[PDB]
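Given next, in structure tokens, is a single chain: the form deposited in one PDB entry.
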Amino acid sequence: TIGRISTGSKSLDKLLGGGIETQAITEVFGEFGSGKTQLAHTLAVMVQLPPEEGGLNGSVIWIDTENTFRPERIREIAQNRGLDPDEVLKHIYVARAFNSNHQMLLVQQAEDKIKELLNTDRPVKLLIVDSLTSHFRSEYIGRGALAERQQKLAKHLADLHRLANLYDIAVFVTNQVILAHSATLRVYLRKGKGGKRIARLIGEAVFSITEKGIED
């Protein structure tokens, strides 16, 4: 069965069919400030809620490539949704990827953690890669790079799709914006009037960024 993780926004959840899915890679893409990292921090709390509150009683693996994970933003979102900020942080396993090759290795390490927690009452249910593409865009540049970059990212995305399907995990990846993509679901995020963010699947959802992370 596909699990669904609430985003915190009822509007965005509706657009997604109820939340971010397990057994799928969901890519959010959009310009600087569009909400990609804030959505990631909000899902890393939401997935820890029980299912009747929109979570999967799950743990989180987060591969951070631009040093934008903020443990205090997690604690705030958790505190404000009525969860213990330190227990929520204990269930997020963060690793910094130093380059695209290290990023690829970290996905194989993630399988070790996933296997370990599979017999626990908080199995990994969410794997975040923020940003999926930043290192690949820095490292593979110039004539011949398009093909090489796309082949390396296809292998990385295949590794991630295997973990999502084999272990019933939601994979959530971000991309800052003609080239091919292989996410299961692609969600375009942009800034709207009045501080809102607007999401479109590639209706529209509208959400805010608040003390609770993301919400309508």
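Heads up, when I say rigid core I mean the largest set of C-alphas that superpose within 1.5 Å between the two forms. Throughout, we count residues from 1 along the sequence that is shown. Only residues modelled in both forms are compared.
Form solved in complex with a partner chain: not shown, discussed below.
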query = Which listed residue (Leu56, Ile63, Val171, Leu39) meets the criterion of a heavy atom within 4.5 Å of the partner chain in the deposited bound form?
reply = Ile63
query = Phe136, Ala154 and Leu185: each with a heavy atom within 4.5 Å of the partner chain in the deposited bound form?
reply = no
task = May I ask you to state whether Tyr93 is within 4.5 Å of the partner chain in the deposited bound form, using heavy atom distances?
result = yes
key: Exercise: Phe69 in contact with the partner chain in the deposited bound form, heavy atom 4.5 Å   = yes
key: Partner contact for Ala110 in the deposited bound form: the partner chain, 4.5 angstroms, heavy atom   = yes
task = Determine whether any heavy atom of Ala145 comes within 4.5 Å of a heavy atom of the partner chain in the deposited bound form, and answer yes or no.
result = no
message = For a quick test of reading the superposition: does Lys193 move by 2 Å or more at the CA between the shown form and the other one, rigid core aligned?
response = yes
task = Just list the residue ranges, at least 3 long, where Cα displacement is 2 Å or more throughout between the shown form and the other one after aligning on the core.
result = 193 to 195
